[PDB]
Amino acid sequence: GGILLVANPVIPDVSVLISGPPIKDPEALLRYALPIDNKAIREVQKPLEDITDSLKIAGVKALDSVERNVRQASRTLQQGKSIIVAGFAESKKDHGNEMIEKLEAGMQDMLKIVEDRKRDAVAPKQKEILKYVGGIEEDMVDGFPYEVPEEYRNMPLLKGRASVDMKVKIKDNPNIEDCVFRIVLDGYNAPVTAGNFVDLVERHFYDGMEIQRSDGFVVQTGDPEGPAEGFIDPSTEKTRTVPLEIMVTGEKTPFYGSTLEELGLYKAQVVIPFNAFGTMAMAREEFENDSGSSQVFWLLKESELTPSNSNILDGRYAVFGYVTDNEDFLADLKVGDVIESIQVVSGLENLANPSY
């Protein structure tokens, strides 16, 4: 599946590569991380993506689902005035239309599969066309940085996006001696953590380093919402009884576990540098002492968040990088393998307050 770069500020310089089945599609993740406020283009974007669910259907029926998603996206598009005017921006309004144009032709190509079957050799044409959607959106709200920092206003900051090529030397393997991975870093949402990583790439901090690999768990913590659009008449006002209950029909009643996944815990590959252990024991307690029962000591848990965390020690990470190429060869990384080099490929200008 998808592939990730995670970090904990105040605890910097050790950044974690997490990859595996539970990790969502890199490109989709970046698209949703763009600091744009345009419901119209998100509406075109939502289907187009659900097309992948449509392919989870067996038989010709999958196609009468993607045809559904395409006509959906296509329709909502004809509304290119809120996409075009409302949000397109300065110097990109031209390439933006270059993108809208290609999206329309691609949607027509997707349609041309009235040739029921051809369910392979044209379906992920879905990739092609979503890039054009990504492009529409990146061309939209530009202007770089939606907001700004707190106290770290003097540490490196990635006031944008940047790309990096990571060339790894993979040992003892017939079929592959080495691979190059492309990672995009998201400074719109992870200014501090992305800033630090590129800053360290610059001082060649990752070249010739060896890695450790292993398994960990990802608290892909909790996600979707509620509201549906299009205002009509009156139906609500009052909190009512949410107090005395055990609440509604198919929505609540006491916990429920059985496998780690059922508790929101998904297994993923975890690759780091190869280091040591450093401690700083404190906080607010008095719930300690003794023995009698517990313990063995293993498997790290990773809470995934947007930089919305503060001070002192442990628990929690912010997501800042996304592996967008050769994401399938990460599974071939073992302890002992070498990061030969990590070189910025684009976006270096977005780096402010560089130190190196």
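Throughout, we count residues from 1 along the sequence that is shown.
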property	result
Which of 204-212 and 138-146 has higher mean CA B factor, as the PDB entry lists it	138-146
Residue range whose averaged C-alpha B-factor is higher in the record, 82-90 or 280-288	280-288
Selection by C-alpha B-factor (highest) of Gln295, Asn38, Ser303, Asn326	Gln295
Residue with maximal Cα B-factor (values as given in the PDB entry) among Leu263, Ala162, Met247, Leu130	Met247
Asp314 - Cα temperature factor, lowest/middle/highest third of chain	highest
Ranked C-alpha temperature factor of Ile51 among modelled chain residues, by third	middle
Chain thirds of CA B-factor: placement of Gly187	lowest
Lowest, middle or highest third - CA B-factor, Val60	highest
Where the record places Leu77 (Cα B-factor, split into thirds across the chain)	middle
